[PDB]
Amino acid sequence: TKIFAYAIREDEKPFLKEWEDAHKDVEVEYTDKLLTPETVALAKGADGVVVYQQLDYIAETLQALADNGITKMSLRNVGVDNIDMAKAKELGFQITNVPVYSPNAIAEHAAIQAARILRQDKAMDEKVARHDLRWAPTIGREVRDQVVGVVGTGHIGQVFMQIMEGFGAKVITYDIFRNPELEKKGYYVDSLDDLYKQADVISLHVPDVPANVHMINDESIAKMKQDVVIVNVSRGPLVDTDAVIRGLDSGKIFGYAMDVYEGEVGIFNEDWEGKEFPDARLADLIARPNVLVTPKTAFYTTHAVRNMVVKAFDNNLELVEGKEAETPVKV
């Protein structure tokens, strides 16, 4: 039994070893290269492949794999949108993914960034790096003094609620779908506008379905509290970036933490150092003293990455052994 992996990172190696040590009867080989029509031959002789990439799984690429005896493909990540599904089904592909790996990775990133914005930690760091070691007038706002509003009460939103309550903050929440247990405990406000009215901090944990696109805009920022702190580690399109920049410029919004950005595709996770930066608006946000930009790294922890590796291999071995996959994808 053999499994070939693509796009393996240094940081994924320890977990690959851990899976190997637990499945000594299975041969595992890999490369750091992406899966293309040219790299498909590296899989020749394997029973299935483990992949992870933004580079599309094109028809050509799926054909190259089929031609090399591969019809079992297990993704380490969540999204299956860059796969030619027609071709895959044409070829009899069985595809799996890793939908869940660490809600805490994302919730912790949201909490840390929110707490830093409240503290004015970046303003302090910029002063200190320039050797202005005066603390005043860069005063912090304690997490425990805030009313924290959580938009979306799924797995990630609930871990964020737990972290904020650990700090002693008052936590309130809004979701169009009401978890009965959270409702019993009294976490839910009567409306989204009610959350905007009450919250000092707002963190988004909902999908960007059509109704949520640009939910953060001129009109909702005008409803929010003075000195509101906005956090978005969920999806780019949730936020009208120009509206948040107007809120920052006007002083209505105290700060903004963004791990996602409408316009991120082809920019985030690329090295622009020494090159001309593609997006002036993003470059400006990066440099603001009250904005924290990260390039969609909320997922990127060792707990998460271990689960992305181990779960994908487990699923791939399942396909190979004719066992029911744990987290199958619909092809």
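Just count from 1 along the sequence shown to find any residue number.
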Should the higher mean CA B-factor in the entry be assigned to 39-47 or to 280-288?
39-47
Given 104-112 and 221-229, the range whose Cα B-factors average higher in the PDB entry:
221-229
Highest Cα B-factor in the deposition, which of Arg76, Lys87, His205, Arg246?
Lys87
Report the option among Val293, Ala298, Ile70, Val305 whose CA atom has the maximum B-factor in the deposited record.
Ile70
Please place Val189 in the lowest, middle or highest third of its chain according to the CA B-factor in the PDB entry.
middle
Which third of the chain does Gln94 land in by C-alpha B-factor: lowest, middle or highest?
highest
Within this chain, which third does the Cα B-factor at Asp81 fall in: lowest, middle or highest?
highest
Modelled-residue ranking by C-alpha temperature factor, third containing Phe177
highest
